[PDB]
Each structure stands twice: as C-alpha cells, then as structure tokens.
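Shown next as structure tokens: one chain only, the form deposited in one PDB entry.
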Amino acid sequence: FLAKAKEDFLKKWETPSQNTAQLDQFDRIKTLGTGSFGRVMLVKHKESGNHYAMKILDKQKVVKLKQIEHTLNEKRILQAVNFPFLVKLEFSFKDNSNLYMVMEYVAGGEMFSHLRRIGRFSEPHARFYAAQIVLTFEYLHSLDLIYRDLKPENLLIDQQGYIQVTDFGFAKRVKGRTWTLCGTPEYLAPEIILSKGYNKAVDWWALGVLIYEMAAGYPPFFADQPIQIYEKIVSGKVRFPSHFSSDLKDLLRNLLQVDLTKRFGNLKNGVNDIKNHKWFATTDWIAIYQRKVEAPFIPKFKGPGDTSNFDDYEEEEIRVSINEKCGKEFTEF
C-alpha cells in the first residue's frame, strides 16, 4: 500500500480542493473544543442531515501571529493524506473573517478525556493505541511529512475503538531539517527546545512521551511553569513508575533518548527498530492496519450527533465582519 500511497499524495497536493461549501449550509449545534486561533464545533449539514466537525480560524490572528504558512500547510496536507487512522477532510471554505475546515465527526471523544477519567491504560491497552500511531508515523514519513503535535488531546477514539488523528496545524513537508519552535511543552523533543534543527526524529520522541502518559497516567516531564519542563526534558534523566514492564522501560529508554544518533526511528533500520521491539512481540501489524482486531475499549454512542464524550464549553455564536480581512494572504486556501 505504501508503494501506491506516494503518488496519490502528490496528486492531491498539487491540485487541492478549495471552496467546496459555505457557512449557510451548516447548522451549528455544540462546540467540541477551543484552541488559540478559533474553535471546533459539531455541525449538521442541512440538506443531508450528516454531522461534521467544523474547525474555525480567525484570519486576522493568523496573519498577526505569523501563522499563515502553518495554516496553509494544515489544509493542504490533511486534504492530501489518506490513512485509516487520519481524520478525513470533507469541506473547506472561508468568508470575510474566518477560515473553515469541515472534518468527519468522531463522536468517541479525545483520548485525553478517557485517559483522565480512567487514570491510566493497561499495557496491552496502551500497546493497541501505540501500534496505530507507529503505523501512521511510518505512513507520514514515507511522504516526507512531519507531525509536530502528538498528544492525547489530538487523538480521537472512534466508534470502532480505533484512533483518529486530527489537528494538522504543525504538519509540514520536511525534506531535511526544519527549525520552527512549535508543539506542546510536555511533548517537545530536546532538539526543538535548544533551537538545534530537527528532523522526523521528534515524532518518535513524542511517541515515547505518549506511551509513558498512557501506561502511567501522567507525562514523564511536567511542572508548573513550562521553563521547568524544558529543564527536565533536556536533562537526560527519566524515572519510570515501578509497575512498568522491563520490556516497556527498554522501549521508552530508546524513544526518550536525548542523543538522536541513538534514538529509535532515527537509526539505520528506521521503524523496524520499533515494530520489532520485544514490547511489540504480540502485535499483528497487518491486522491493526486492516482494523481487524477487537478494540479493548469502545466508547458509548447514544446516537448520531451525540456530544456526550466531549466536555462542555462556553457556547459563542459565530460572527463575521462585513469587511473582508486579509483577502490576499489566503488566496491558496
């Protein structure tokens, strides 16, 4: 499949879809999550009744905060990728004030919500999710793409219990090393913190932080102010909970490696060093890709458009100025 996936990505990358719908065709039901440049809300298509998740971004704040190329890459890359664990973009448009990205609604909620309400996942439960992340990272790296925001708040469980990755806000074609300081402080790799110039190896570091937080219930490095979290990330020492496996401690010691000349995924053997680790000995990678494994946890679905698995946010009406702002900056959107 990876052989045919490269041509399809480049086909959708150069001939992207733009302006496929408008705001008047969508009823707005409930907010699913609030970011820094906008919000995501559950949305119902009036003519077809189908439900969707609409990510709204204010154009002025994006231009003001130097985020133009980041948002341009978000829409273009997500529109061009196709993998059984990536969220699918369905519509995209814009008006005088906002940009709109309409994705497929994932009613199961964030993995962060279920992680906090349960405490932690057992090792086989956490291994079942990491296998999907490993397969997705192998796919995205085949296309020379980077995903610089792996965290449970960006991972949604679906109705089959499988992971759907969202939030492509920092995704970028990286043919070599990039330099942008971005991500989530708990999951930043040391080379990002020190402005050293990083490659695809940062995704594997973020995978080690994720496997840690799932199997323990808390991240390996956290503190009040983010400055102290950076101090713990670059220190090189990481302490493990006592109930952790020897097989899991070994894998995390290779993923949470500061020296990226000895970090798994960045070595000569690539993703095979991870998939062939002892901790993944009981993992049928083909069955996970084909989604033929009974999920350990399946969220409750009270019907279509059910928002139970999401938190309640302060609802705010969507309002557009009567003056178009930053029209020339978002031509390619």
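Take the two forms, superpose them, and find the largest set of C-alpha atoms that agree within 1.5 Å; that set is the rigid core. Note that residue numbering follows the sequence shown and begins at 1.
Although it is not shown, the form deposited in another entry is what the next lines describe.
Large C-alpha shift between the shown form and the other one, rigid core held fixed: of 206, 233, 101, 130, this applies to 101 alone, with a displacement of 2 Å or more. Once both forms are fitted on their rigid core, the CA atom of residue 58 lies 2 Å or more apart between the shown form and the other one. Superposed on the core, the two forms barely differ at residue 275: its CA moves less than 2 Å between the shown form and the other one. For residue 292, the Cα coordinates differ by under 2 angstroms between the shown form and the other one after the core has been superposed.
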